[PDB]
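Two forms, one protein chain; structure tokens for each follow separately as structure 1 and structure 2.
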Structure 1
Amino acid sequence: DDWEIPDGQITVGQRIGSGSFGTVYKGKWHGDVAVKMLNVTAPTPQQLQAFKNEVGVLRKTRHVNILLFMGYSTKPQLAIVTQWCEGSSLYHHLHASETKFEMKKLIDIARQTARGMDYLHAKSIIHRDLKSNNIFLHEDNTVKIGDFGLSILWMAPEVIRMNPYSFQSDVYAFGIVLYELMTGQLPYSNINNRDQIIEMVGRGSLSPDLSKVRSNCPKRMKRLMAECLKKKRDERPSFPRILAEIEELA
């Protein structure tokens, strides 16, 4: 209630996109904000409770690599308000812009992502949907992980088979983000058949082709990727070990 933003304080601007049960807009509120409108109207109290529970989770997070929760609204509509991230998502940088990231910057982006995930796991939060589309590069330099309130290329085999969500399935998703960073591509780009990828990854016959990792990528990083991507969940390292291996790799 200390974080509820009264009706009329936020000027909603450009629509950015929709996804994750809502639509994100840029807005103004003591500067720039992002406003994620939920697809509800006259919330039933069951919905209003699920909403307050979601806000409860977000309020647990204060970390430089976690998208900054800033408030919520109930009027005129249910919405989550966060900082605005100056710049674009990691997905745009890797798969649209084709930015020439130095390998140095790639590993740093990997390091900051692991810090945020390590933090989330220390707060007992399983992300459940980590992907480069909802990792933002604020001012091109600081990772911000969003979309953990409440697709298949980041899903661990046990999640595809359908509770499979765990710290270790988060680790697998991070390994796919690593694959994006070190190849510049999404996994399974040769295949481009969603049902085939579900079938194959789910049964454990398909994993990302690590031969596409860029040649100037360090071998310790390639091995770390392979560990996060282990088909057996219990063979995946935790984020403290990932963070150690990264920060000691640089």
Structure 2
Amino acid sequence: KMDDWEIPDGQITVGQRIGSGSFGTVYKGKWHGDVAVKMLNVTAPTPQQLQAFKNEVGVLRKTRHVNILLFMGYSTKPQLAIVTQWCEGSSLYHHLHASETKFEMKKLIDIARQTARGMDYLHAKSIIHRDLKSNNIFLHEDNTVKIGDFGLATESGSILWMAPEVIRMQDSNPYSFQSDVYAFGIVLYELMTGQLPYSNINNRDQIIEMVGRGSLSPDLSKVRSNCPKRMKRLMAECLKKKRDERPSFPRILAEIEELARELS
């Protein structure tokens, strides 16, 4: 039952504020070591806010994997809050797009590989991320990928990871395993090029229209010269405009693991 992960009031020490976001405000904290606490920052949660809290706790409780941010518990007083492990360092987004760090290809592949492990796990439990993007991939201790859904803005933007069908939305719910695969394709692009797609287009509404219609797609000729050819091909497959031509994660993971195994 849910109360097994309830942390009684008074035990958590809230420290430095990290950021407010779409899912609450995040702090560093102490509770049997370092933790992160995401607070619903709100005077009277409505029943919808309560349901959403419950939903996040419910899904996080189903995850036990080294590449999924570790859920540790929740509290309902002093306020609504979710507690996770504390990750040191910063996001993949931060490393690629807003830092002097340039990773070696082995490391780039290892990041890809870990990210694929996490996603394969989530898909195996029928969990659809919907917000996979480099800013939701934390490089804990610069080494271990932790996927989360942090809701913190970068230093929609996020429309860069959306599959064509997600942008078009001609049915109610266009999200799927295959849409997460597309987003993962865009993370691969980021890794293998160092860049965000469509850097030479300055109108987010044209990017939206054009990706939706199939007239614009990421320029794969930009991948670095030492990107393995099978990586570039997998990326192309993850980015297929037609949802059902994209591969599934078990195959994605196996093929990346094969690339990583060869580079010693």
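The first residue in the sequence of structure 1 is number 1, and each one after it adds one. The term rigid core refers to the maximal set of C-alpha atoms that superpose within 1.5 Å between the two forms.
- Put simply, after the core is superposed between structures 1 and 2, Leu48 is the one residue in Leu48, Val64, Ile198, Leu210 with a Cα shift of at least 2 angstroms.
- Fit the two forms on the rigid core and the C-alpha of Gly87 turns out 1.0 Å off between structures 1 and 2.
- Overlaying the rigid core between structures 1 and 2 leaves the Cα of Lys219 displaced by 0.9 angstrom.
- Shown is the Cα shift of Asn39 between structures 1 and 2 after rigid core superposition, which amounts to 4.2 Å.
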